[PDB]
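Novice: File follows, my_file20.cif with mmCIF, N, CA, C and O atoms:
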data_target
loop_
_atom_site.label_atom_id
_atom_site.label_comp_id
_atom_site.auth_asym_id
_atom_site.auth_seq_id
_atom_site.Cartn_x
_atom_site.Cartn_y
_atom_site.Cartn_z
N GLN Q 1 19.69 53.50 25.45
CA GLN Q 1 20.12 53.55 26.84
C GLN Q 1 20.28 52.11 27.30
O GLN Q 1 19.90 51.13 26.67
N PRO Q 2 20.90 52.01 28.49
CA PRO Q 2 21.17 50.72 29.12
C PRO Q 2 19.89 50.04 29.62
O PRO Q 2 19.72 48.83 29.47
N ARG Q 3 19.00 50.83 30.21
CA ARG Q 3 17.74 50.31 30.73
C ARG Q 3 16.90 49.72 29.60
O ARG Q 3 16.22 48.70 29.79
N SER Q 4 16.94 50.36 28.44
CA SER Q 4 16.17 49.90 27.28
C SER Q 4 16.57 48.47 26.90
O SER Q 4 15.72 47.66 26.53
N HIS Q 5 17.86 48.17 27.00
CA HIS Q 5 18.36 46.85 26.67
C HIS Q 5 18.09 45.86 27.80
O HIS Q 5 17.95 44.66 27.57
N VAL Q 6 18.02 46.38 29.03
CA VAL Q 6 17.77 45.54 30.20
C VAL Q 6 16.74 46.19 31.12
O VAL Q 6 17.04 47.17 31.80
N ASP Q 7 15.53 45.63 31.13
CA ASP Q 7 14.46 46.15 31.98
C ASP Q 7 14.48 45.49 33.35
O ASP Q 7 13.45 45.02 33.83
N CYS Q 8 15.65 45.44 33.97
CA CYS Q 8 15.80 44.83 35.28
C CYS Q 8 14.87 45.49 36.30
O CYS Q 8 14.01 44.85 36.90
N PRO Q 9 15.05 46.81 36.49
CA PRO Q 9 14.23 47.58 37.43
C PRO Q 9 12.79 47.75 36.95
O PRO Q 9 11.85 47.66 37.75
N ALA Q 10 12.62 47.97 35.66
CA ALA Q 10 11.30 48.14 35.07
C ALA Q 10 10.45 46.89 35.27
O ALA Q 10 9.24 46.98 35.49
N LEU Q 11 11.09 45.73 35.19
CA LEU Q 11 10.39 44.46 35.36
C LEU Q 11 10.35 44.05 36.83
O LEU Q 11 9.41 43.40 37.28
N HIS Q 12 11.38 44.44 37.57
CA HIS Q 12 11.47 44.11 38.99
C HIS Q 12 11.60 42.61 39.20
O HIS Q 12 10.71 41.97 39.76
N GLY Q 13 12.72 42.05 38.74
CA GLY Q 13 12.94 40.62 38.88
C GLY Q 13 13.68 40.28 40.16
O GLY Q 13 13.43 40.88 41.20
N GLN Q 14 14.59 39.31 40.07
CA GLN Q 14 15.36 38.89 41.23
C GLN Q 14 16.76 38.44 40.83
O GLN Q 14 16.94 37.78 39.81
N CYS Q 15 17.75 38.82 41.63
CA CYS Q 15 19.14 38.47 41.35
C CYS Q 15 19.51 37.15 42.03
O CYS Q 15 19.51 37.05 43.25
N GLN Q 16 19.82 36.14 41.22
CA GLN Q 16 20.20 34.83 41.74
C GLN Q 16 21.47 34.32 41.07
O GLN Q 16 21.88 34.84 40.03
N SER Q 17 22.08 33.31 41.67
CA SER Q 17 23.31 32.73 41.14
C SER Q 17 23.03 31.96 39.85
O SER Q 17 22.40 30.90 39.87
N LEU Q 18 23.50 32.50 38.73
CA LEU Q 18 23.30 31.86 37.43
C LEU Q 18 23.74 30.40 37.47
O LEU Q 18 24.50 29.98 38.34
N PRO Q 19 23.25 29.61 36.50
CA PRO Q 19 22.35 30.10 35.46
C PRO Q 19 20.96 30.45 36.01
O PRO Q 19 20.60 30.03 37.11
N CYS Q 20 20.20 31.22 35.24
CA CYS Q 20 18.86 31.63 35.65
C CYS Q 20 17.88 30.48 35.48
O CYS Q 20 17.44 30.17 34.37
N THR Q 21 17.52 29.84 36.60
CA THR Q 21 16.59 28.72 36.57
C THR Q 21 15.20 29.18 36.13
O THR Q 21 14.63 30.11 36.69
N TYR Q 22 14.66 28.51 35.11
CA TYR Q 22 13.34 28.85 34.59
C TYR Q 22 12.32 28.92 35.72
O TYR Q 22 12.51 28.39 36.81
N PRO Q 23 11.19 29.59 35.44
CA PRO Q 23 10.94 30.23 34.15
C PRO Q 23 11.84 31.44 33.92
O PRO Q 23 12.10 31.82 32.78
N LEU Q 24 12.30 32.04 35.01
CA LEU Q 24 13.17 33.21 34.92
C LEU Q 24 14.32 32.97 33.95
O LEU Q 24 14.69 31.82 33.68
N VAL Q 25 14.89 34.05 33.44
CA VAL Q 25 16.01 33.95 32.50
C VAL Q 25 16.93 35.17 32.61
O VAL Q 25 16.49 36.26 32.99
N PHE Q 26 18.20 34.97 32.29
CA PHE Q 26 19.18 36.04 32.36
C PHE Q 26 18.80 37.19 31.42
O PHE Q 26 18.32 36.96 30.30
N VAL Q 27 19.01 38.42 31.87
CA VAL Q 27 18.69 39.59 31.07
C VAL Q 27 19.94 40.42 30.78
O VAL Q 27 20.07 41.00 29.71
N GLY Q 28 20.86 40.45 31.74
CA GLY Q 28 22.08 41.21 31.57
C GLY Q 28 22.81 41.44 32.88
O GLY Q 28 22.24 41.32 33.96
N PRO Q 29 24.10 41.78 32.79
CA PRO Q 29 24.94 42.04 33.97
C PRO Q 29 24.55 43.33 34.69
O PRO Q 29 25.15 44.38 34.47
N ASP Q 30 23.53 43.24 35.54
CA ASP Q 30 23.06 44.40 36.29
C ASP Q 30 23.48 44.31 37.75
O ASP Q 30 22.82 43.68 38.58
N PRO Q 31 24.62 44.94 38.08
CA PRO Q 31 25.15 44.95 39.45
C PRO Q 31 24.29 45.77 40.40
O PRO Q 31 23.95 45.31 41.49
N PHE Q 32 23.96 46.99 39.99
CA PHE Q 32 23.14 47.88 40.81
C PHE Q 32 21.77 47.26 41.09
O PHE Q 32 21.23 47.39 42.18
N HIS Q 33 21.23 46.58 40.08
CA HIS Q 33 19.92 45.94 40.21
C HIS Q 33 20.07 44.50 40.68
O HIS Q 33 19.87 43.56 39.91
N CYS Q 34 20.41 44.33 41.96
CA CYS Q 34 20.58 43.00 42.53
C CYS Q 34 20.09 42.97 43.98
O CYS Q 34 19.88 44.01 44.60
N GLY Q 35 19.89 41.76 44.50
CA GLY Q 35 19.42 41.61 45.86
C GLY Q 35 20.56 41.57 46.87
O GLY Q 35 20.86 42.56 47.53
N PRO Q 36 21.20 40.40 46.99
CA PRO Q 36 22.32 40.20 47.92
C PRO Q 36 23.57 40.96 47.49
O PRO Q 36 24.17 41.68 48.28
N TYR Q 37 23.96 40.79 46.23
CA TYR Q 37 25.14 41.46 45.69
C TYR Q 37 25.04 41.61 44.18
O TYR Q 37 24.26 40.92 43.51
N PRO Q 38 25.85 42.52 43.62
CA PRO Q 38 25.88 42.78 42.18
C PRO Q 38 26.48 41.62 41.39
O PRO Q 38 26.11 41.38 40.24
N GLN Q 39 27.40 40.90 42.02
CA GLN Q 39 28.06 39.77 41.38
C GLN Q 39 27.03 38.80 40.80
O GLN Q 39 27.26 38.18 39.76
N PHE Q 40 25.89 38.68 41.48
CA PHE Q 40 24.83 37.79 41.03
C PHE Q 40 24.28 38.23 39.68
O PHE Q 40 24.63 39.29 39.17
N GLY Q 41 23.41 37.41 39.11
CA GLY Q 41 22.82 37.73 37.82
C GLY Q 41 21.38 38.19 37.94
O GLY Q 41 20.57 37.53 38.59
N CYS Q 42 21.06 39.31 37.30
CA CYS Q 42 19.71 39.85 37.34
C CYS Q 42 18.74 38.96 36.57
O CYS Q 42 18.49 39.17 35.38
N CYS Q 43 18.21 37.95 37.25
CA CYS Q 43 17.27 37.02 36.64
C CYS Q 43 15.86 37.62 36.58
O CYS Q 43 15.37 38.16 37.57
N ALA Q 44 15.23 37.53 35.42
CA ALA Q 44 13.89 38.06 35.23
C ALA Q 44 12.94 36.99 34.69
O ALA Q 44 11.83 37.29 34.25
#
Since I need it in another form, could you write the structure as structure tokens?

Specialist:
Amino acid sequence: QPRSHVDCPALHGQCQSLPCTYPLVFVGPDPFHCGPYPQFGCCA
């Protein structure tokens, strides 16, 4: 499944404008799992 590859919701990270500034790191293009907008990157 998609969630298995990306634990965006399971981890509950934050969507920010890439690149993902450490310690956080990019996990995958998760539009639904975003704060301001889906365009952002689901940083975990």

Novice: What residues come out when you apply the PyMOL selection byres ((chain Q and resi 15) around 8) to this file, written as number ranges by chain?

Specialist: Q: 12-14, 16-18, 30, 33-44

Novice: Carefully work through the PyMOL selection byres ((chain Q and resi 27) around 5) for this structure and note down the residues it includes, as a ChimeraX atom specification.

Specialist: /Q:5,25-26,28-29,42

Novice: Those selected residues, please, written with N, CA, C and O atoms and delivered as a short mmCIF file (atom, residue, chain, number, x, y, z; two decimals), in the frame of the given file.

Specialist:
data_model
loop_
_atom_site.label_atom_id
_atom_site.label_comp_id
_atom_site.auth_asym_id
_atom_site.auth_seq_id
_atom_site.Cartn_x
_atom_site.Cartn_y
_atom_site.Cartn_z
N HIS Q 5 17.86 48.17 27.00
CA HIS Q 5 18.36 46.85 26.67
C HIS Q 5 18.09 45.86 27.80
O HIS Q 5 17.95 44.66 27.57
N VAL Q 25 14.89 34.05 33.44
CA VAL Q 25 16.01 33.95 32.50
C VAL Q 25 16.93 35.17 32.61
O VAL Q 25 16.49 36.26 32.99
N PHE Q 26 18.20 34.97 32.29
CA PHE Q 26 19.18 36.04 32.36
C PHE Q 26 18.80 37.19 31.42
O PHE Q 26 18.32 36.96 30.30
N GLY Q 28 20.86 40.45 31.74
CA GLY Q 28 22.08 41.21 31.57
C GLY Q 28 22.81 41.44 32.88
O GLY Q 28 22.24 41.32 33.96
N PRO Q 29 24.10 41.78 32.79
CA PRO Q 29 24.94 42.04 33.97
C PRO Q 29 24.55 43.33 34.69
O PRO Q 29 25.15 44.38 34.47
N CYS Q 42 21.06 39.31 37.30
CA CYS Q 42 19.71 39.85 37.34
C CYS Q 42 18.74 38.96 36.57
O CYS Q 42 18.49 39.17 35.38
#

Novice: Among chain Q, which ones does DSSP place in alpha helix (DSSP H), written as a ChimeraX atom specification?

Specialist: /Q:2-5,8-11

Novice: At what distance in Å, to one decimal, does atom O of residue 31 of chain Q lie from atom N of residue 19 of chain Q?

Specialist: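 So the two atoms, atom N of residue 19 of chain Q and atom O of residue 31 of chain Q, lie 16.5 Å apart.
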
Novice: Quick one: axis-aligned box around all listed atoms of segment 6-17 of chain Q, 6 Å on every side, centre and edge lengths in Å to one decimal, written as JSON.

Specialist:
{"center_x": 16.3, "center_y": 39.5, "center_z": 36.1, "size_x": 26.1, "size_y": 29.2, "size_z": 26.2}

Novice: Would you work out the distance separating atom N of residue 24 of chain Q from atom C of residue 1 of chain Q, expressed in Å to one decimal?

Specialist: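 Straight-line distance from atom N of residue 24 of chain Q to atom C of residue 1 of chain Q works out to 22.9 Å.
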
Novice: If you measure from atom O of residue 20 of chain Q to atom CA of residue 3 of chain Q, what distance in Å do you get, rounded to one decimal?

Specialist: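 It comes out at 20.5 Å.
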